[PDB]
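Student: This is the structure I have questions about; it appears just below.
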Amino acid sequence: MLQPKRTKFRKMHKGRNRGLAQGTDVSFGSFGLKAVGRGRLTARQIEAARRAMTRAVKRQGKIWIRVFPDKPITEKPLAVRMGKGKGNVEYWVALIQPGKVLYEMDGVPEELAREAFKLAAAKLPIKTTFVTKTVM
Amino acid sequence: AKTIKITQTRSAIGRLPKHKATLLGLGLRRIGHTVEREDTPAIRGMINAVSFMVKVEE
Amino acid sequence: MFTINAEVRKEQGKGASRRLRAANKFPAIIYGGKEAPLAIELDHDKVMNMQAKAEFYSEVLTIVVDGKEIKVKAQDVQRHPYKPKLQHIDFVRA
Amino acid sequence: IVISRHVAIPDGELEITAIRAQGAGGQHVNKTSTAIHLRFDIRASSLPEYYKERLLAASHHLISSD
Amino acid sequence: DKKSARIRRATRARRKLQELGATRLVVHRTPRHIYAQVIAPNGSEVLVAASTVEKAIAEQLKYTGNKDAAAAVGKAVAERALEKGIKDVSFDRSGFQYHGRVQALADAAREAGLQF
Amino acid sequence: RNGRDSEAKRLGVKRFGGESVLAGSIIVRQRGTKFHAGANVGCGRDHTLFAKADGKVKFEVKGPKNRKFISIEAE
RNA sequence: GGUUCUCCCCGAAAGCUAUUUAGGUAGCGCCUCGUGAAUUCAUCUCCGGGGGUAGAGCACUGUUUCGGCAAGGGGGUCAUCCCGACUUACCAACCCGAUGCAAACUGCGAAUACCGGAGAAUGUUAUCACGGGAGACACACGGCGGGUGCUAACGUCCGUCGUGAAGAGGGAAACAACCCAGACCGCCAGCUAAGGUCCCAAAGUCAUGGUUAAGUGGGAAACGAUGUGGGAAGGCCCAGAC
RNA sequence: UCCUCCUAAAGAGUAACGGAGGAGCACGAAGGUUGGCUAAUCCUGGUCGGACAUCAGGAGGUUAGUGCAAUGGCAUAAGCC
RNA sequence: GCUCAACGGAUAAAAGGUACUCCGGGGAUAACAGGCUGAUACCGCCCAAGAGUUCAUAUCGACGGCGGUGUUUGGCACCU
RNA sequence: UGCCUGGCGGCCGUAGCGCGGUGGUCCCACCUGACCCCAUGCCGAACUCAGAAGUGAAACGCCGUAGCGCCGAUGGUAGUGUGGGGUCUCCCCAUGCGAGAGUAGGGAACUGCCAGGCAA
């Protein structure tokens, strides 16, 4: 479970996921998996994606993860009167602005990479596209 | 600053406090009401304030 | 080398830009030396096919504007977030 | 999951039904006091040979002949 | 170094005296030489000045840089101040510790009738 | 285990650059030292800025560190 | 719980503070009547201002991925007791470099809003003060900015505005709180607003060029698909391709 | 009950059984004034001392300190003597 | 000279039970049902390694994702 | 007027550092001594006094240098006041305002008051 160690506050405000992403290009890898929609990405959904995706490359090349949850979602226990403080920390999730580059890879065949990311999209709750690290 | 014709084209019910205060500043009371003033940037600003609901003729 | 028949921008601004960006065209800019920077307007589609080559950011390009062909160079580019499109391209007069 | 010491025992083999209780206590206890669970863990599924054998051959209630 | 050190000490009273609209009495001491002058409440221009660079007192003294040297020119600067009739004077320790020549300097000024 | 806010101590500035005031007129109620008396202004014990002389307020900022000052243009 | 004739004029609030106070009450804000004092006050333009939120950013507070350097340390060669030395199936952070994030982070920094001043037009003098009488101190909803909740609720809690509250009429089939628009009265008069114009039912079976075959329109997504239309480029192409 | 920050939407102000911490003192000096001074943290050398004792140089630059929580602030020091 | 800390402090001084309870009120506020919602529950679907004789698409199908119903417990208190 | 030196203001990070060069008839710094004024919670370091042979290295100032710090267009982009609309957990249209970052380039200053040295 990708999770923030040594944090300052335990719970934070929900905020709004407006605006557009900053990490628009593929820095590390040669190809990227840039997202289309606007949504949330839990730590579990990252594991479902990456682990299932790394099997496609078959232990070849390196996978660069360009995201981190760093935001705790608190939910109330079942059968609880509405009110009386915020709920307990349930998990972690990252806020993704459209056009965000999520994964990077290199030392991998184009079509294998094209297919590996296809499998990754299945576990991801956000629409995405296959992009490559373009020159300049 | 010659004469300038200003007319009201919409209501003042669902309007902003500033807009309401501005509309009475122009003197326009009822809808379709006409009025005459002197063309100056001060008035032009007010004209620009409620342009969405005002028909202006020179 | 790549000849670009671009038009001088009539008006700059946020509204005008998106207005012509909907018209399959997008704005650009040029500068370099003591000369005055000029607001350049051109197509996006065909130019999109031009920048597909890596040599597009190394070649001393030639943008012809109403007879006046300027030898320019591609400094930097501003793209669209997710859709494979362009926003604006910086052109250094070379 | 209804987690057992080693084998997790994933829910789907443990049928959970909500019925009404039995007793006294007013309006709540006679009608709406549901969630009175009736578990049903068949040994035909998981709970490996060592577990299920002592739950099918053993003489005890809360566990049936099947 | 030494300069900046003396500056951080001087700025203290100088700011206070800058906002009081009075003629501040600034002095500048060196091992062999001494300077003295008054400043207008504005801090832009000066009114009078006297130092060891002036022949009028340099010839009269034995050595430029000792107690008596400041005592002589101290009277000199106070006299042209007396010539200008200016009395609203406020002394400035100017970072220099008040005990050496600067001490003897203020005396001749005070003997002339300077209000401070 | 929470919800124990103290009070809104009515901080902030009172006057602005371009307003004529009288002697004793408080300019700003700053807690720290976000400003400093340039001239004709007094820095209270709470480092609050009050006008010692009548006139108009003018905001300035000087020095390499550039800490904002306040003086009074005699009026 | 109830509180009986008539007409004319104006016209609230459901907030703040304290309360053995929380369906009460008191002061204040907001209503009204009379009076006294100012181009007083309101809208716009220009001028002089402070703010740091949005956004952005990552030097500081924390947090994030990876790599070059590289030593602290360790499995070993063994010091077969303490010194010494290499290596490093490694953590690879710290220095150096590249990359994201933050209500309680800020080397930056809007739009609005707010204060003061100058000037013109306009407004029933709408500002302020004094005095008489108040009611009210349970608010709802829509939009926008947010807390909480499941970015659930005709949920709840604040800021701000509108509406209802205390406003009918037209439209949304029906529909306080949505869109339009403020009922002094009469008229078998005309023009329009939102919204609509085959019939029920008043108004174009209007005009022009495209699009869909599903009654789509007329409940709904991830995802799948030789459904089809428009657009650019390219592979290839009568030395003959599918 | 009171104090700090956030929530708070860049004036003030603004709720929640909303999100995190504190106070019910201390001081005759830790106050006033006059004078002087002003770091933290790394690199290195050195007796027991080896990662830190303390001293000495350079770098560095205010992350120091400020009776106590936080916030704003302070070297012209409100910091230290 | 009173942690008059329930801190604008009802008197120096003041704890509980009522299922025989009584009265005045309230859906301004609970229990049942109805309503809104759909966390939970149930139902369907996308993806898929492995088990499965071969083979994931014979069958299950975890890890995760997207919807539907309103029969589960709930949330909310709009009706009484 | 200038090369200047010294004291005092205004414009401010373009106004501050790094590297090399460069100045002393004057001035300044260093430098000499200190029973005695004065000084060290020890020490003439600092401070003060009495003088000043020597030096121009350190220090200070000037010149070149952007090598940096740093400043910073133009355009675009984000956001947003107002009026509408939408597939209204967010965006779009008309309209006005308009960042931060980043790019080109630039950027190591300018000016004033008083007192003397130097050649007129």
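For the structure tokens, the naming scheme is as follows: chains receive sequential letters (A, B, ...) according to their order of presentation, residues are indexed from 1 within each chain, and ligands are indexed from 1 in presentation order.
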Taking 6 positions as the minimum chain separation for residues in the same chain, which residues sit within 10 Å of residue J:93 when counting only C-alpha atoms (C1' of nucleotides)? Answer as a ChimeraX atom specification.
Tutor: /C:15,19 /J:84-85
Student: Which polymer residues have any atom within 9 Å of an atom of stretch 21-37 of chain F, counting only C-alpha atoms (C1' of nucleotides), with same-chain residues fewer than 3 positions away left out, as JSON, numbers by chain?
Tutor: {"F": [10, 11, 12, 13, 14, 15, 16, 40, 41, 42, 43, 46, 47, 48, 49, 50, 51, 52, 53, 54, 55, 56, 57, 61, 67, 68, 69, 70, 71, 75], "H": [72, 73, 74]}
Student: Could you work out which residues of chain I fall inside 10 Å of chain D? Count only C-alpha atoms (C1' of nucleotides), and format the result as a ChimeraX atom specification.
Tutor: /I:31-32,41,72-73
Student: Give me the residues within 10 Å of residue G:176 as a PyMOL selection string, counting only C-alpha atoms (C1' of nucleotides) and dropping any in the same chain fewer than 5 places off.
Tutor: chain G and resi 140-141+163-165
Student: Since we have the selection now, will you write its residues out, keeping N, CA, C and O atoms (P, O5', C5', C4', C3', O3' and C1' of nucleotides), as a PDB file, in the first residue's frame?
Tutor:
ATOM      1  P     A G 140     -33.342  26.780   7.386  1.00  0.00           P
ATOM      2  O5'   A G 140     -34.364  26.673   6.168  1.00  0.00           O
ATOM      3  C5'   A G 140     -35.427  25.695   6.179  1.00  0.00           C
ATOM      4  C4'   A G 140     -36.169  25.722   4.865  1.00  0.00           C
ATOM      5  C3'   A G 140     -35.294  25.613   3.625  1.00  0.00           C
ATOM      6  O3'   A G 140     -34.986  24.248   3.341  1.00  0.00           O
ATOM      7  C1'   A G 140     -36.826  27.398   3.359  1.00  0.00           C
ATOM      8  P     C G 141     -33.643  23.877   2.530  1.00  0.00           P
ATOM      9  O5'   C G 141     -33.925  24.421   1.056  1.00  0.00           O
ATOM     10  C5'   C G 141     -35.035  23.919   0.279  1.00  0.00           C
ATOM     11  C4'   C G 141     -35.262  24.786  -0.939  1.00  0.00           C
ATOM     12  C3'   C G 141     -34.038  25.012  -1.812  1.00  0.00           C
ATOM     13  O3'   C G 141     -33.850  23.911  -2.706  1.00  0.00           O
ATOM     14  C1'   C G 141     -35.100  27.085  -1.398  1.00  0.00           C
ATOM     15  P     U G 163     -35.478  39.346  -5.177  1.00  0.00           P
ATOM     16  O5'   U G 163     -36.284  37.969  -5.108  1.00  0.00           O
ATOM     17  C5'   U G 163     -36.831  37.357  -6.303  1.00  0.00           C
ATOM     18  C4'   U G 163     -37.328  35.960  -5.995  1.00  0.00           C
ATOM     19  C3'   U G 163     -38.339  35.858  -4.860  1.00  0.00           C
ATOM     20  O3'   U G 163     -39.670  36.142  -5.295  1.00  0.00           O
ATOM     21  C1'   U G 163     -36.635  34.258  -4.522  1.00  0.00           C
ATOM     22  P     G G 164     -40.706  36.857  -4.286  1.00  0.00           P
ATOM     23  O5'   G G 164     -41.155  35.691  -3.290  1.00  0.00           O
ATOM     24  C5'   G G 164     -41.939  34.569  -3.760  1.00  0.00           C
ATOM     25  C4'   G G 164     -41.915  33.442  -2.748  1.00  0.00           C
ATOM     26  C3'   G G 164     -42.475  33.756  -1.365  1.00  0.00           C
ATOM     27  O3'   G G 164     -43.899  33.623  -1.328  1.00  0.00           O
ATOM     28  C1'   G G 164     -40.395  32.654  -1.138  1.00  0.00           C
ATOM     29  P     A G 165     -44.776  34.602  -0.394  1.00  0.00           P
ATOM     30  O5'   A G 165     -44.192  34.386   1.077  1.00  0.00           O
ATOM     31  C5'   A G 165     -44.226  33.087   1.711  1.00  0.00           C
ATOM     32  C4'   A G 165     -43.314  33.068   2.918  1.00  0.00           C
ATOM     33  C3'   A G 165     -43.621  34.092   4.000  1.00  0.00           C
ATOM     34  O3'   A G 165     -44.664  33.656   4.870  1.00  0.00           O
ATOM     35  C1'   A G 165     -41.306  34.140   3.528  1.00  0.00           C
TER      36        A G 165
END
Student: Find the residues of chain A that sit at most 12 Å from chain J; for each, write down the nearest two atoms and how far apart they are in Å, to one decimal. Count only C-alpha atoms (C1' of nucleotides). Sort by chain, then by number going up, and give it as a tab-separated table.
Tutor:
residue	atom	partner	partner_atom	distance
A:14	CA	J:89	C1'	11.7
A:15	CA	J:89	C1'	11.2
A:16	CA	J:89	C1'	8.7
A:17	CA	J:89	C1'	8.7
A:18	CA	J:90	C1'	7.3
A:19	CA	J:78	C1'	8.0
A:20	CA	J:78	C1'	8.8
A:21	CA	J:78	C1'	11.1
A:22	CA	J:78	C1'	11.3
A:37	CA	J:90	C1'	10.8
A:38	CA	J:90	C1'	8.8
A:39	CA	J:89	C1'	8.7
A:40	CA	J:89	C1'	10.7
A:97	CA	J:90	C1'	11.3
A:98	CA	J:90	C1'	11.3
Student: Using only C-alpha atoms (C1' of nucleotides), determine which residues of chain A fall within 7 Å of chain H; present them as a list in words.
Tutor: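 My answer is residues 83, 84 and 85 of chain A.
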Student: Could you give me, as an mmCIF file with N, CA, C and O atoms, in the first residue's frame, each residue of chain D that DSSP assigns to alpha helix (DSSP H) when run on this structure's backbone?
Tutor:
data_model
loop_
_atom_site.group_PDB
_atom_site.id
_atom_site.type_symbol
_atom_site.label_atom_id
_atom_site.label_comp_id
_atom_site.auth_asym_id
_atom_site.auth_seq_id
_atom_site.Cartn_x
_atom_site.Cartn_y
_atom_site.Cartn_z
ATOM 1 N N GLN D 27 -41.995 -2.065 20.766
ATOM 2 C CA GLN D 27 -42.165 -1.971 19.314
ATOM 3 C C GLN D 27 -40.925 -2.271 18.466
ATOM 4 O O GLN D 27 -41.021 -2.932 17.425
ATOM 5 N N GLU D 49 -9.473 -29.903 4.214
ATOM 6 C CA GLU D 49 -9.729 -31.221 4.805
ATOM 7 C C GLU D 49 -9.596 -31.369 6.324
ATOM 8 O O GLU D 49 -10.395 -32.067 6.950
ATOM 9 N N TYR D 50 -8.592 -30.731 6.918
ATOM 10 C CA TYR D 50 -8.394 -30.835 8.362
ATOM 11 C C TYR D 50 -9.504 -30.116 9.132
ATOM 12 O O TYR D 50 -10.003 -30.622 10.144
ATOM 13 N N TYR D 51 -9.899 -28.949 8.634
ATOM 14 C CA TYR D 51 -10.955 -28.152 9.255
ATOM 15 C C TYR D 51 -12.343 -28.778 9.085
ATOM 16 O O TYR D 51 -13.018 -29.106 10.067
ATOM 17 N N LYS D 52 -12.755 -28.948 7.830
ATOM 18 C CA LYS D 52 -14.066 -29.502 7.502
ATOM 19 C C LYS D 52 -14.353 -30.901 8.053
ATOM 20 O O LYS D 52 -15.501 -31.215 8.374
ATOM 21 N N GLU D 53 -13.323 -31.736 8.167
ATOM 22 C CA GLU D 53 -13.514 -33.093 8.673
ATOM 23 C C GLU D 53 -13.964 -33.094 10.136
ATOM 24 O O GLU D 53 -14.827 -33.885 10.524
#
